[PDB]
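data.csv follows; it contains CSV, N, CA and C atoms.
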```csv
chain,number,residue,atom,x,y,z
A,24,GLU,N,67.3,20.5,-112.1
A,24,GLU,CA,67.3,21.0,-110.8
A,24,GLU,C,66.8,22.5,-110.7
A,25,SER,N,65.7,22.7,-110.0
A,25,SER,CA,65.2,24.0,-109.8
A,25,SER,C,65.5,24.4,-108.3
A,26,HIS,N,66.1,25.5,-108.2
A,26,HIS,CA,66.4,26.0,-106.8
A,26,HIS,C,65.2,26.8,-106.3
A,27,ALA,N,65.0,26.9,-105.0
A,27,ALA,CA,63.8,27.4,-104.4
A,27,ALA,C,64.2,28.3,-103.2
A,28,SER,N,63.2,29.1,-102.8
A,28,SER,CA,63.3,30.0,-101.6
A,28,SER,C,62.1,30.0,-100.8
A,29,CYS,N,62.2,29.8,-99.5
A,29,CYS,CA,61.2,29.4,-98.6
A,29,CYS,C,61.3,30.3,-97.4
A,30,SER,N,60.2,31.1,-97.1
A,30,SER,CA,60.3,32.1,-96.0
A,30,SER,C,59.2,32.0,-95.0
A,31,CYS,N,58.5,30.9,-94.8
A,31,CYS,CA,57.4,30.8,-93.8
A,31,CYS,C,58.1,30.3,-92.5
A,32,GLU,N,58.7,31.2,-91.8
A,32,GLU,CA,59.5,30.8,-90.6
A,32,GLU,C,58.7,30.4,-89.4
A,33,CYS,N,59.3,29.7,-88.5
A,33,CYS,CA,58.6,29.4,-87.2
A,33,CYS,C,58.7,30.7,-86.3
A,34,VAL,N,57.6,30.9,-85.5
A,34,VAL,CA,57.6,32.0,-84.7
A,34,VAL,C,58.4,31.8,-83.4
A,35,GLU,N,58.2,30.6,-82.8
A,35,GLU,CA,58.9,30.3,-81.5
A,35,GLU,C,60.3,29.6,-81.7
A,36,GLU,N,60.3,28.4,-82.1
A,36,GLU,CA,61.5,27.6,-82.2
A,36,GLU,C,61.5,26.7,-83.4
A,37,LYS,N,62.5,26.7,-84.2
A,37,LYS,CA,62.5,25.7,-85.3
A,37,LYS,C,63.0,24.4,-84.6
A,38,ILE,N,62.2,23.3,-84.9
A,38,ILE,CA,62.6,22.0,-84.4
A,38,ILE,C,63.0,21.1,-85.6
A,39,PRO,N,64.3,21.0,-85.8
A,39,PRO,CA,64.7,20.2,-87.0
A,39,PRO,C,64.3,18.7,-86.8
A,40,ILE,N,63.9,18.1,-87.9
A,40,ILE,CA,63.5,16.7,-87.9
A,40,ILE,C,64.6,16.0,-88.6
A,41,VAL,N,64.8,16.3,-89.9
A,41,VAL,CA,65.8,15.5,-90.7
A,41,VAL,C,66.1,16.3,-92.0
A,42,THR,N,67.3,16.1,-92.5
A,42,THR,CA,67.7,16.8,-93.7
A,42,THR,C,67.7,15.7,-94.9
A,43,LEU,N,67.0,16.0,-95.9
A,43,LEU,CA,66.8,15.2,-97.1
A,43,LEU,C,67.8,15.6,-98.2
A,44,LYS,N,68.5,14.6,-98.8
A,44,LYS,CA,69.4,14.9,-99.9
A,44,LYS,C,69.0,13.9,-101.0
A,45,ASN,N,68.6,14.4,-102.1
A,45,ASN,CA,68.2,13.7,-103.3
A,45,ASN,C,67.2,12.6,-103.0
A,46,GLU,N,66.1,13.0,-102.4
A,46,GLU,CA,65.0,12.1,-101.9
A,46,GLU,C,63.9,12.0,-103.0
A,47,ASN,N,63.5,10.8,-103.2
A,47,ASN,CA,62.4,10.5,-104.1
A,47,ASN,C,61.1,10.9,-103.4
A,48,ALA,N,60.2,11.5,-104.2
A,48,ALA,CA,59.0,11.9,-103.6
A,48,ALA,C,57.9,12.0,-104.7
A,49,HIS,N,56.7,12.2,-104.3
A,49,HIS,CA,55.6,12.6,-105.2
A,49,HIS,C,54.9,13.8,-104.6
A,50,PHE,N,54.5,14.7,-105.5
A,50,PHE,CA,53.6,15.8,-105.1
A,50,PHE,C,52.2,15.2,-105.0
A,51,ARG,N,51.5,15.7,-104.0
A,51,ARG,CA,50.1,15.3,-103.7
A,51,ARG,C,49.3,16.6,-103.6
A,52,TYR,N,48.2,16.7,-104.4
A,52,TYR,CA,47.3,17.8,-104.3
A,52,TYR,C,46.4,17.6,-103.1
A,53,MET,N,46.3,18.6,-102.2
A,53,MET,CA,45.4,18.4,-101.0
A,53,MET,C,44.1,19.2,-101.2
A,54,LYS,N,43.0,18.4,-101.4
A,54,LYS,CA,41.8,19.0,-101.8
A,54,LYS,C,41.2,20.0,-100.9
A,55,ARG,N,41.2,19.7,-99.6
A,55,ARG,CA,40.6,20.6,-98.6
A,55,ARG,C,41.4,21.9,-98.4
A,56,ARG,N,42.7,21.6,-98.0
A,56,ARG,CA,43.7,22.7,-98.0
A,56,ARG,C,43.8,23.5,-99.3
A,57,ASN,N,43.7,22.8,-100.4
A,57,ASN,CA,43.9,23.4,-101.7
A,57,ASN,C,45.4,23.9,-101.8
A,58,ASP,N,46.3,22.9,-101.6
A,58,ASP,CA,47.7,23.2,-101.7
A,58,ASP,C,48.4,21.9,-102.0
A,59,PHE,N,49.7,22.0,-102.4
A,59,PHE,CA,50.5,20.8,-102.8
A,59,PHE,C,51.4,20.4,-101.7
A,60,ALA,N,51.3,19.1,-101.3
A,60,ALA,CA,52.2,18.5,-100.4
A,60,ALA,C,53.1,17.4,-101.1
A,61,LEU,N,54.2,17.0,-100.4
A,61,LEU,CA,55.2,16.1,-100.9
A,61,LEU,C,55.2,14.8,-100.1
A,62,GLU,N,55.0,13.7,-100.7
A,62,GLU,CA,55.1,12.4,-100.0
A,62,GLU,C,56.4,11.7,-100.5
A,63,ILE,N,57.3,11.5,-99.5
A,63,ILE,CA,58.6,11.0,-99.8
A,63,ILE,C,58.7,9.5,-99.6
A,64,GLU,N,59.6,8.9,-100.3
A,64,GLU,CA,59.8,7.4,-100.2
A,64,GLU,C,60.2,6.9,-98.9
A,65,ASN,N,61.1,7.6,-98.2
A,65,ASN,CA,61.7,7.1,-96.9
A,65,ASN,C,60.7,7.5,-95.8
A,66,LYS,N,59.6,6.8,-95.7
A,66,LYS,CA,58.6,7.0,-94.7
A,66,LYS,C,59.2,6.9,-93.3
A,67,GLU,N,60.2,6.1,-93.1
A,67,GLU,CA,60.8,5.9,-91.8
A,67,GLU,C,61.3,7.2,-91.2
A,68,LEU,N,61.6,8.2,-92.0
A,68,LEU,CA,62.2,9.4,-91.5
A,68,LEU,C,61.2,10.4,-91.0
A,69,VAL,N,60.0,10.3,-91.5
A,69,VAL,CA,58.9,11.3,-91.2
A,69,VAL,C,57.7,10.7,-90.6
A,70,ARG,N,57.7,9.4,-90.2
A,70,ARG,CA,56.5,8.6,-89.9
A,70,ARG,C,55.5,8.6,-91.0
A,71,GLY,N,55.9,8.7,-92.3
A,71,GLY,CA,54.8,8.7,-93.3
A,71,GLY,C,54.1,10.1,-93.4
A,72,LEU,N,54.5,11.1,-92.7
A,72,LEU,CA,53.8,12.3,-92.8
A,72,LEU,C,54.2,13.1,-94.1
A,73,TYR,N,53.2,13.7,-94.7
A,73,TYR,CA,53.4,14.5,-95.8
A,73,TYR,C,54.2,15.8,-95.4
A,74,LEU,N,54.9,16.4,-96.4
A,74,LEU,CA,55.7,17.5,-96.1
A,74,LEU,C,55.0,18.7,-96.8
A,75,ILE,N,54.9,19.8,-96.0
A,75,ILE,CA,54.3,21.0,-96.6
A,75,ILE,C,55.4,22.0,-97.0
A,76,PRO,N,55.7,22.3,-98.3
A,76,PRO,CA,56.7,23.2,-98.6
A,76,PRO,C,56.1,24.6,-98.3
A,77,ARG,N,56.1,24.9,-97.1
A,77,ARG,CA,55.4,26.1,-96.6
A,77,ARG,C,56.2,27.4,-96.9
A,78,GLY,N,55.5,28.3,-97.6
A,78,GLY,CA,56.1,29.6,-98.0
A,78,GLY,C,57.0,29.5,-99.2
A,79,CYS,N,57.2,28.4,-99.7
A,79,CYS,CA,58.0,28.1,-100.9
A,79,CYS,C,57.3,28.4,-102.2
A,80,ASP,N,57.8,29.3,-103.0
A,80,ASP,CA,57.1,29.5,-104.3
A,80,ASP,C,57.6,28.5,-105.3
A,81,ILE,N,56.8,27.5,-105.6
A,81,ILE,CA,57.1,26.4,-106.5
A,81,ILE,C,56.8,26.7,-107.9
A,82,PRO,N,57.7,26.5,-108.9
A,82,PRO,CA,57.4,26.7,-110.3
A,82,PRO,C,56.2,25.9,-110.7
A,83,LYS,N,55.3,26.5,-111.5
A,83,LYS,CA,54.0,25.9,-111.8
A,83,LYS,C,54.2,24.5,-112.4
A,84,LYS,N,55.3,24.3,-113.1
A,84,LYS,CA,55.6,23.0,-113.7
A,84,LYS,C,55.6,21.8,-112.8
A,85,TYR,N,55.8,22.0,-111.5
A,85,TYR,CA,55.8,20.9,-110.5
A,85,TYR,C,54.4,20.7,-109.9
A,86,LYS,N,53.5,21.6,-110.0
A,86,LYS,CA,52.2,21.5,-109.4
A,86,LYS,C,51.3,20.6,-110.2
A,87,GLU,N,51.5,19.3,-110.1
A,87,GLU,CA,50.7,18.3,-110.7
A,87,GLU,C,50.5,17.2,-109.7
A,88,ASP,N,49.2,16.8,-109.5
A,88,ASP,CA,49.0,15.7,-108.5
A,88,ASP,C,49.7,14.4,-108.9
A,89,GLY,N,50.4,13.8,-108.0
A,89,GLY,CA,51.1,12.6,-108.3
A,89,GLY,C,52.4,12.6,-109.0
A,90,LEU,N,52.9,13.8,-109.3
A,90,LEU,CA,54.2,13.9,-110.1
A,90,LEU,C,55.4,13.4,-109.3
A,91,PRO,N,56.1,12.4,-109.9
A,91,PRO,CA,57.3,12.0,-109.2
A,91,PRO,C,58.4,13.1,-109.3
A,92,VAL,N,59.0,13.4,-108.1
A,92,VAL,CA,60.1,14.4,-108.1
A,92,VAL,C,61.2,14.0,-107.2
A,93,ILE,N,62.3,14.6,-107.3
A,93,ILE,CA,63.5,14.4,-106.5
A,93,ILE,C,63.7,15.7,-105.7
A,94,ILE,N,63.8,15.7,-104.4
A,94,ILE,CA,63.8,16.9,-103.6
A,94,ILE,C,65.0,16.8,-102.6
A,95,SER,N,65.5,18.0,-102.2
A,95,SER,CA,66.4,18.2,-101.1
A,95,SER,C,65.8,19.3,-100.2
A,96,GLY,N,66.1,19.2,-98.9
A,96,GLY,CA,65.7,20.3,-98.1
A,96,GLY,C,65.7,19.9,-96.6
A,97,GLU,N,65.3,20.8,-95.8
A,97,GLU,CA,65.3,20.6,-94.3
A,97,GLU,C,63.8,20.4,-93.9
A,98,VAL,N,63.6,19.3,-93.3
A,98,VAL,CA,62.3,18.9,-92.7
A,98,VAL,C,62.3,19.4,-91.3
A,99,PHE,N,61.3,20.1,-90.8
A,99,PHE,CA,61.3,20.6,-89.5
A,99,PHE,C,59.8,20.8,-89.0
A,100,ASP,N,59.7,21.0,-87.7
A,100,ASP,CA,58.4,21.4,-87.1
A,100,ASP,C,58.7,22.7,-86.4
A,101,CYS,N,57.6,23.3,-85.9
A,101,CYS,CA,57.7,24.6,-85.1
A,101,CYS,C,57.1,24.4,-83.8
A,102,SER,N,57.8,24.8,-82.7
A,102,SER,CA,57.4,24.6,-81.4
A,102,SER,C,56.1,25.2,-81.0
A,103,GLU,N,55.7,26.3,-81.7
A,103,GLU,CA,54.4,27.0,-81.4
A,103,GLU,C,53.3,26.0,-81.6
A,104,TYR,N,53.5,25.0,-82.5
A,104,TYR,CA,52.5,24.0,-82.8
A,104,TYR,C,52.6,22.8,-81.9
A,105,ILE,N,53.8,22.7,-81.2
A,105,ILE,CA,54.0,21.6,-80.2
A,105,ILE,C,53.5,22.1,-78.9
A,106,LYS,N,52.2,22.2,-78.7
A,106,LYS,CA,51.6,22.6,-77.4
A,106,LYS,C,50.5,21.7,-77.1
A,107,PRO,N,50.3,21.5,-75.8
A,107,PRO,CA,49.2,20.6,-75.3
A,107,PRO,C,47.8,21.0,-75.9
A,108,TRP,N,47.6,22.3,-76.0
A,108,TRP,CA,46.3,22.9,-76.5
A,108,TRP,C,46.1,22.9,-78.0
A,109,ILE,N,47.2,22.6,-78.8
A,109,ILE,CA,47.1,22.7,-80.2
A,109,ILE,C,46.6,21.5,-80.9
A,110,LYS,N,45.5,21.6,-81.6
A,110,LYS,CA,45.1,20.6,-82.6
A,110,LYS,C,45.5,21.0,-84.0
A,111,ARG,N,46.3,20.1,-84.6
A,111,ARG,CA,47.0,20.4,-85.9
A,111,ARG,C,46.7,19.4,-86.9
A,112,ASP,N,46.9,19.8,-88.2
A,112,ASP,CA,46.9,18.9,-89.3
A,112,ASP,C,48.3,18.1,-89.2
A,113,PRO,N,48.2,16.8,-89.2
A,113,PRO,CA,49.5,16.0,-89.1
A,113,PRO,C,50.3,16.1,-90.3
A,114,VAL,N,51.3,17.0,-90.3
A,114,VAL,CA,52.3,17.2,-91.3
A,114,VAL,C,53.6,17.7,-90.7
A,115,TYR,N,54.6,17.6,-91.5
A,115,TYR,CA,55.9,18.4,-91.2
A,115,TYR,C,56.0,19.5,-92.2
A,116,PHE,N,57.0,20.3,-92.0
A,116,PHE,CA,57.2,21.3,-93.0
A,116,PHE,C,58.6,21.0,-93.6
A,117,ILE,N,58.8,21.5,-94.8
A,117,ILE,CA,60.1,21.4,-95.5
A,117,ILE,C,60.5,22.7,-96.0
A,118,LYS,N,61.7,23.1,-95.8
A,118,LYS,CA,62.4,24.2,-96.5
A,118,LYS,C,63.1,23.5,-97.7
A,119,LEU,N,62.6,23.6,-98.9
A,119,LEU,CA,63.2,23.0,-100.1
A,119,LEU,C,64.4,23.8,-100.5
A,120,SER,N,65.5,23.1,-100.8
A,120,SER,CA,66.6,23.7,-101.5
A,120,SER,C,66.7,23.4,-103.0
A,121,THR,N,66.4,22.1,-103.4
A,121,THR,CA,66.3,21.8,-104.8
A,121,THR,C,65.1,20.8,-105.1
A,122,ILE,N,64.6,21.0,-106.2
A,122,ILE,CA,63.5,20.0,-106.7
A,122,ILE,C,63.8,19.7,-108.2
A,123,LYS,N,63.7,18.5,-108.5
A,123,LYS,CA,63.9,18.0,-109.9
A,123,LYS,C,62.8,17.0,-110.2
A,124,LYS,N,62.4,17.0,-111.5
A,124,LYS,CA,61.5,15.9,-111.9
A,124,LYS,C,62.2,14.6,-111.9
A,125,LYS,N,61.6,13.6,-111.4
A,125,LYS,CA,62.2,12.3,-111.4
A,125,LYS,C,61.9,11.6,-112.7
```
Could you quickly redo this structure as structure tokens?
Amino acid sequence: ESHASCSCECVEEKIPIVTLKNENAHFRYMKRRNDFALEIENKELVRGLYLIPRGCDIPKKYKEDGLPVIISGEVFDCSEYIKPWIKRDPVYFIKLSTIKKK
């Protein structure tokens, strides 16, 4: 179990989606973005959307494409992005509390 700290806060309103506890996931390297996302097993909770551990400094040992991991944290969106005029990358954000290699 590696504990983590995440500080990329929402500007307008945090919109909580779901809280994950000991969730199976895989890290996915995102070529265009050039960042790592998490794909979780329980697709029904996030519509299959990848989770961006935004602002979280992840230990280098987890940054491998396809690595199975076990994660906990708060999945959320930000209302500033929920606007009729906003075109967005379809993702949710996650504030990670723990990550473990599966």
Find the residues with any atom within 10 Å of (48.1, 22.0, -98.4); use only C-alpha atoms and the coordinates as given in the file, and write the answer as a VMD selection string. chain A and resid 51 to 61 73 to 77 112 114
Contact residues around residue 116 (chain A) with only C-alpha atoms at 12 Å, ignoring same-chain residues under 2 positions, as a VMD selection string: chain A and resid 29 to 33 37 to 42 59 to 62 69 72 to 79 96 to 101 104 112 to 114 118 to 119
Using the selection just defined, write its residues with N, CA and C atoms as a tab-separated table (two decimals), keeping the file's coordinate frame.
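Here's the written file out-v7.tsv:
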```tsv
chain	number	residue	atom	x	y	z
A	29	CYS	N	62.20	29.80	-99.50
A	29	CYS	CA	61.20	29.40	-98.60
A	29	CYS	C	61.30	30.30	-97.40
A	30	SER	N	60.20	31.10	-97.10
A	30	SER	CA	60.30	32.10	-96.00
A	30	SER	C	59.20	32.00	-95.00
A	31	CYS	N	58.50	30.90	-94.80
A	31	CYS	CA	57.40	30.80	-93.80
A	31	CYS	C	58.10	30.30	-92.50
A	32	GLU	N	58.70	31.20	-91.80
A	32	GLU	CA	59.50	30.80	-90.60
A	32	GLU	C	58.70	30.40	-89.40
A	33	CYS	N	59.30	29.70	-88.50
A	33	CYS	CA	58.60	29.40	-87.20
A	33	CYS	C	58.70	30.70	-86.30
A	37	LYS	N	62.50	26.70	-84.20
A	37	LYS	CA	62.50	25.70	-85.30
A	37	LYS	C	63.00	24.40	-84.60
A	38	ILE	N	62.20	23.30	-84.90
A	38	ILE	CA	62.60	22.00	-84.40
A	38	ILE	C	63.00	21.10	-85.60
A	39	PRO	N	64.30	21.00	-85.80
A	39	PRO	CA	64.70	20.20	-87.00
A	39	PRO	C	64.30	18.70	-86.80
A	40	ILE	N	63.90	18.10	-87.90
A	40	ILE	CA	63.50	16.70	-87.90
A	40	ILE	C	64.60	16.00	-88.60
A	41	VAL	N	64.80	16.30	-89.90
A	41	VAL	CA	65.80	15.50	-90.70
A	41	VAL	C	66.10	16.30	-92.00
A	42	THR	N	67.30	16.10	-92.50
A	42	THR	CA	67.70	16.80	-93.70
A	42	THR	C	67.70	15.70	-94.90
A	59	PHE	N	49.70	22.00	-102.40
A	59	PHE	CA	50.50	20.80	-102.80
A	59	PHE	C	51.40	20.40	-101.70
A	60	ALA	N	51.30	19.10	-101.30
A	60	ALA	CA	52.20	18.50	-100.40
A	60	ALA	C	53.10	17.40	-101.10
A	61	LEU	N	54.20	17.00	-100.40
A	61	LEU	CA	55.20	16.10	-100.90
A	61	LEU	C	55.20	14.80	-100.10
A	62	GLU	N	55.00	13.70	-100.70
A	62	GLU	CA	55.10	12.40	-100.00
A	62	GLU	C	56.40	11.70	-100.50
A	69	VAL	N	60.00	10.30	-91.50
A	69	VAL	CA	58.90	11.30	-91.20
A	69	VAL	C	57.70	10.70	-90.60
A	72	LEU	N	54.50	11.10	-92.70
A	72	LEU	CA	53.80	12.30	-92.80
A	72	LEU	C	54.20	13.10	-94.10
A	73	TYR	N	53.20	13.70	-94.70
A	73	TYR	CA	53.40	14.50	-95.80
A	73	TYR	C	54.20	15.80	-95.40
A	74	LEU	N	54.90	16.40	-96.40
A	74	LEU	CA	55.70	17.50	-96.10
A	74	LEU	C	55.00	18.70	-96.80
A	75	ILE	N	54.90	19.80	-96.00
A	75	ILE	CA	54.30	21.00	-96.60
A	75	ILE	C	55.40	22.00	-97.00
A	76	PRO	N	55.70	22.30	-98.30
A	76	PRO	CA	56.70	23.20	-98.60
A	76	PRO	C	56.10	24.60	-98.30
A	77	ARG	N	56.10	24.90	-97.10
A	77	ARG	CA	55.40	26.10	-96.60
A	77	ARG	C	56.20	27.40	-96.90
A	78	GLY	N	55.50	28.30	-97.60
A	78	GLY	CA	56.10	29.60	-98.00
A	78	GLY	C	57.00	29.50	-99.20
A	79	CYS	N	57.20	28.40	-99.70
A	79	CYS	CA	58.00	28.10	-100.90
A	79	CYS	C	57.30	28.40	-102.20
A	96	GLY	N	66.10	19.20	-98.90
A	96	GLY	CA	65.70	20.30	-98.10
A	96	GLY	C	65.70	19.90	-96.60
A	97	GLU	N	65.30	20.80	-95.80
A	97	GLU	CA	65.30	20.60	-94.30
A	97	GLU	C	63.80	20.40	-93.90
A	98	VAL	N	63.60	19.30	-93.30
A	98	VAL	CA	62.30	18.90	-92.70
A	98	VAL	C	62.30	19.40	-91.30
A	99	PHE	N	61.30	20.10	-90.80
A	99	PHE	CA	61.30	20.60	-89.50
A	99	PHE	C	59.80	20.80	-89.00
A	100	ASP	N	59.70	21.00	-87.70
A	100	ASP	CA	58.40	21.40	-87.10
A	100	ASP	C	58.70	22.70	-86.40
A	101	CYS	N	57.60	23.30	-85.90
A	101	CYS	CA	57.70	24.60	-85.10
A	101	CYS	C	57.10	24.40	-83.80
A	104	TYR	N	53.50	25.00	-82.50
A	104	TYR	CA	52.50	24.00	-82.80
A	104	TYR	C	52.60	22.80	-81.90
A	112	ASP	N	46.90	19.80	-88.20
A	112	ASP	CA	46.90	18.90	-89.30
A	112	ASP	C	48.30	18.10	-89.20
A	113	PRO	N	48.20	16.80	-89.20
A	113	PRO	CA	49.50	16.00	-89.10
A	113	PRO	C	50.30	16.10	-90.30
A	114	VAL	N	51.30	17.00	-90.30
A	114	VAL	CA	52.30	17.20	-91.30
A	114	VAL	C	53.60	17.70	-90.70
A	118	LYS	N	61.70	23.10	-95.80
A	118	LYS	CA	62.40	24.20	-96.50
A	118	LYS	C	63.10	23.50	-97.70
A	119	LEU	N	62.60	23.60	-98.90
A	119	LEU	CA	63.20	23.00	-100.10
A	119	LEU	C	64.40	23.80	-100.50
```
Rounded to one decimal in Å, what is the spacing between atom N of residue 84 (chain A) and atom C of residue 47 (chain A)?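 If I compute the distance from atom N of residue 84 (chain A) to atom C of residue 47 (chain A), I get 17.5 Å.
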How many Å lie between atom C of residue 65 (chain A) and CA of residue 88 (chain A), rounded to one decimal?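 Separation between atom C of residue 65 (chain A) and CA of residue 88 (chain A): 19.1 Å.
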Residue neighbourhood residue 82 (chain A), 8 Å, only N, CA and C atoms, exclusion window fewer than 3 positions, as a PyMOL selection string: chain A and resi 25-27+79+85-86
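Minimum distance to residue 81 (chain A) across A:109, A:44, A:36, A:122 (counting only C-alpha atoms) occurs at A:122.
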How many Å separate CA of residue 48 (chain A) from CA of residue 124 (chain A)?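 Separating CA of residue 48 (chain A) from CA of residue 124 (chain A) is a distance of 9.5 Å.
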Edge lengths and centre in Å to one decimal, as lines of an AutoDock Vina configuration file, of the axis-aligned box that encloses all listed atoms of region 118-123 of chain A with 5 Å added on every side?
```
center_x = 64.2
center_y = 20.6
center_z = -103.0
size_x = 15.0
size_y = 17.2
size_z = 24.4
```
Nearest to residue 46 (chain A) by atom-to-atom distance, counting only N, CA and C atoms, from A:34, A:87, A:68, A:93: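 The shortest atom-to-atom distance to residue 46 (chain A) comes from A:93.
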Can you work out which one of A:111, A:123, A:70, A:50 has the shortest atom-to-atom distance to residue 94 (chain A), counting all atoms listed in the file?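 Smallest distance to residue 94 (chain A) is found for A:123.
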Would you return as a ChimeraX atom specification the members of chain A that DSSP assigns to helix (DSSP H, G or I) on this structure's backbone? /A:66-68,83-85,102-104
Which one of A:43, A:91, A:102, A:28 sits closest to residue 125 (chain A) if you count all atoms listed in the file?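 Going through A:43, A:91, A:102, A:28 one by one, the smallest distance to residue 125 (chain A) is for A:91.
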Just list the residues in chain A DSSP gives strand (DSSP E) on the backbone, as a ChimeraX atom specification. /A:25-26,37-53,58-63,74-75,91-101,115-124
